[PDB]
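Data from protein.csv: CSV, C-alpha atoms
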```
chain,number,residue,atom,x,y,z
A,1,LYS,CA,0.0,0.0,0.0
A,2,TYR,CA,3.0,2.3,-0.7
A,3,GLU,CA,1.2,3.7,-3.7
A,4,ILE,CA,-2.0,4.7,-1.9
A,5,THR,CA,0.0,6.0,1.1
A,6,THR,CA,2.2,8.2,-1.1
A,7,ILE,CA,-0.7,9.5,-3.2
A,8,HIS,CA,-2.8,10.3,-0.1
A,9,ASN,CA,0.2,12.0,1.5
A,10,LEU,CA,0.8,14.3,-1.4
A,11,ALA,CA,-2.5,15.9,-0.7
A,12,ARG,CA,-2.0,16.3,3.0
A,13,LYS,CA,-1.1,20.0,2.9
A,14,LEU,CA,-4.6,20.8,1.8
A,15,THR,CA,-5.9,19.2,5.0
A,16,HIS,CA,-3.7,21.4,7.2
A,17,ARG,CA,-4.7,24.6,5.3
A,18,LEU,CA,-8.4,23.9,5.7
A,19,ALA,CA,-8.0,22.6,9.3
A,20,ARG,CA,-7.3,26.2,10.3
A,21,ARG,CA,-10.7,27.4,9.1
A,22,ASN,CA,-12.5,25.9,12.1
A,23,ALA,CA,-13.2,28.7,14.6
A,24,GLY,CA,-15.1,30.4,11.8
A,25,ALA,CA,-16.7,27.3,10.4
A,26,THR,CA,-19.7,27.1,12.7
A,27,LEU,CA,-21.9,29.9,11.4
A,28,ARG,CA,-22.9,28.3,8.1
```
Taking this structure as input, can you express it in the form of structure tokens?
Amino acid sequence: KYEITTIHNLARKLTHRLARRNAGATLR
């Protein structure tokens, strides 16, 4: 599963960027 682990890791930065938008992600 080194192919799925590497492909899923390449798109991990997007999870950290959106993870920040939480305190203001309650309104909507």
**Study point:** Coordinates-based distance that separates CA of residue 2 in chain A from CA of residue 20 in chain A (Å, one decimal)
**Key:** 28.3 Å
Practice item. Quote the spacing between CA of residue 8 in chain A and CA of residue 23 in chain A in Å to one decimal place. Key: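 About the pair CA of residue 8 in chain A and CA of residue 23 in chain A: they are 25.7 Å apart.
Counting from CA of residue 21 in chain A, the distance to CA of residue 4 in chain A is 26.7 Å.
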